[PDB]
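Starting off, we have a lone chain in the form solved without the ligand, written out as structure tokens.
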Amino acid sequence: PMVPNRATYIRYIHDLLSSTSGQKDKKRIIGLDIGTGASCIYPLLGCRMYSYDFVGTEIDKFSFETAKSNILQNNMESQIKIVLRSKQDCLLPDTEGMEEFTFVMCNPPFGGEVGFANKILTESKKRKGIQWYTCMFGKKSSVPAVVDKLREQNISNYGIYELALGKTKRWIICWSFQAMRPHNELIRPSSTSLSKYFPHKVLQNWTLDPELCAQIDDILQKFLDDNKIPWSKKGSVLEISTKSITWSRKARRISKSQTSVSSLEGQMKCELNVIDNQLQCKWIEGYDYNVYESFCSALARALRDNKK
């Protein structure tokens, strides 16, 4: 029960949505609480921070009266609603002709919490248009048997954020069915104690000298022009929006051929940034990680092999 821990979780939700917002128009963002508890403080803090629109789920009657009492003494009914769900029906509620849910948050009990995440994984396969799913774990030992289940369904857009507040080490496992990819501070922690269950990398760094710090923009423009990768110059940021891989030997051997194979297919949106002689490659959108691993190792080889 830590107010800075719950606020840090809502701040992870904000950092997860914000780094994965894109260039789209600012719609009203809709959240979905799962098991809001007897306090119901999670959607309250979300609306106090950035004016989200929560339609929370509930399995209790006394806590539903408590949630309505918190609604009555907080008065945000165009933001906060609480809905009693059923036990056999999908706990992820319908759209009902409303505007689509955007992010889903879950405070499971502490079948177990692994089986609860299994039920949410089973129900979440049917919900399209909903972008973000999260689930927070207290025990470290729940990390394997959930992620291994998530290692059964080829879900690559997940992440484990290490909530570190003294003796409180929580692990946020966030998975999504849409291609948006958050930062690397958000999904892969520093401690290697769960290096068996890290998600994939979304950020790569390289360090240079002021010679190559002067030459870094010419190197990046020559790289993104000599490879037919679509790019744009937004300030000092070089943004990249490809819909298939146009940077590998396999891609050339196919391009330099005659068969009717279309392309090696996987969508990527990413950014190149120059911070203090450093080049950062930073992954924004894409279902398949192999596209971004290929691009980051091609960029590493491009920064190395222009030194001679």
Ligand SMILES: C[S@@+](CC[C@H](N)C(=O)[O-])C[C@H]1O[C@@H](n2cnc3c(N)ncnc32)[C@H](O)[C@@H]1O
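Take the two forms, superpose them, and find the largest set of C-alpha atoms that agree within 1.5 Å; that set is the rigid core. Residue numbers here begin at 1 and follow the sequence given.
Form deposited with the ligand bound: not shown, discussed below.
Using a 4.5 Å heavy atom cutoff, none of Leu220, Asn273 and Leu303 lies near the ligand in the deposited complex. Contact annotation: the ligand lies within 4.5 Å of heavy atoms from the stretch 100-108 in the deposited complex, the single such stretch among 74-82, 146-154, 183-191, 100-108. For the options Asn70, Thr57, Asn277, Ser248, the one in contact with the ligand in the deposited complex, meaning a heavy atom within 4.5 Å, is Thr57. Residue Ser39 is the only one of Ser39, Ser51, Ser241, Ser244 with a heavy atom lying within 4.5 Å of the ligand in the deposited complex. Put simply, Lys128 is far from the ligand in the deposited complex: not one heavy atom of it is within 4.5 Å. Although the partner is absent here, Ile120 lies well away from the ligand in the deposited complex, with no heavy atom inside 4.5 Å. The closest heavy atom approach of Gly35 to the ligand in the deposited complex falls within 4.5 Å. Within this chain, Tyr197 is remote from the site of the ligand in the deposited complex, having no heavy atom within 4.5 Å. The partner is not shown here, but in the deposited complex the stretch 70-108 reaches within 4.5 angstroms of the ligand through a heavy atom at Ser86, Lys87, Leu91, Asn107, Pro108. Rigid-core fit between the shown form and the other one: of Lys149, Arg85, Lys201, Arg170, the one residue whose Cα shifts 2 angstroms or more is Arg85. Superposition of the core reveals a Cα shift of less than 2 Å for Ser191 between the shown form and the other one.
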